[PDB]
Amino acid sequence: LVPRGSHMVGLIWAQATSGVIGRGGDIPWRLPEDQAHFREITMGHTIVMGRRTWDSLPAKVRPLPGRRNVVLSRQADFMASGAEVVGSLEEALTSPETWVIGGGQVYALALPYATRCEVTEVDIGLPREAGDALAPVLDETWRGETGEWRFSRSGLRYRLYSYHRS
């Protein structure tokens, strides 16, 4: 349960088994089960994303519905129609429950404040290339639950992890 006076911070991402989450301004796969899972977890809460993740969303779909959208940027002239742009995590983490939805830079930025991670891992062989966005690495203060491999309608294995710390 989340007390309304708290500030719970979770990270949610999908990665290949290599840890790649992003390449060329996009996610280098599509997985409907992951899209459904992402929506189930985040709906009704504030979502925080880096400016490059906002850019990766088609204009027609953003801001993502049913959630307060907040975008992190250091550029004083970057604007996100329908959403709030702020310059720091201190400004972005004011709701009782916030999901940080990417990308690589913002996961690393938010990790010190996070107590939950929800991961989808896709069994697609995409080794790391220069310039890729990568999942954050989780140290021994975290404890994880790893689901068994499941099989998507699109013919990829995937599995879910849930990590927590105090």
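Numbers for residues come from their place in the sequence shown, where the first is 1. Take the two forms, find the largest set of C-alpha atoms that superpose within 1.5 Å, and that set is the rigid core.
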Check: Rigid core superposed, root mean square over structures and residues, which stretch has C-alphas farther from this form in 9 other deposited structures of this protein, 56-64 or 42-50?
Finding: 56-64
Item checked: Stretch departing more from the displayed form, 24-32 or 112-120, Cα RMS in 9 other deposited structures of this protein (core fit) -> 24-32
Check: With respect to the recorded C-alpha B factors, which stretch has the higher mean value, 52-60 or 122-130?
Finding: 122-130
Next item on the list: Would you tell me which stretch averages the higher CA B-factor in the PDB entry, 145-153 or 18-26?
Entry: 145-153
Check: Out of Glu40, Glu97, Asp139, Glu33, which one has a C-alpha B factor higher than all the others in the entry?
Finding: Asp139
Next item on the list: Sorting the chain's modelled residues by C-alpha B-factor, tell me whether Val86 ends up in the lowest, middle or highest third.
Entry: middle
Notebook entry, point to check: C-alpha B factor of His7, ranked within the chain: lowest, middle or highest third?
Noted result: highest
Notebook entry, point to check: Taking the entry's C-alpha B-factors for this chain, is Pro65 in the lowest, middle or highest third?
Noted result: highest
Notebook entry, point to check: Taking the entry's C-alpha B-factors for this chain, is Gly102 in the lowest, middle or highest third?
Noted result: lowest
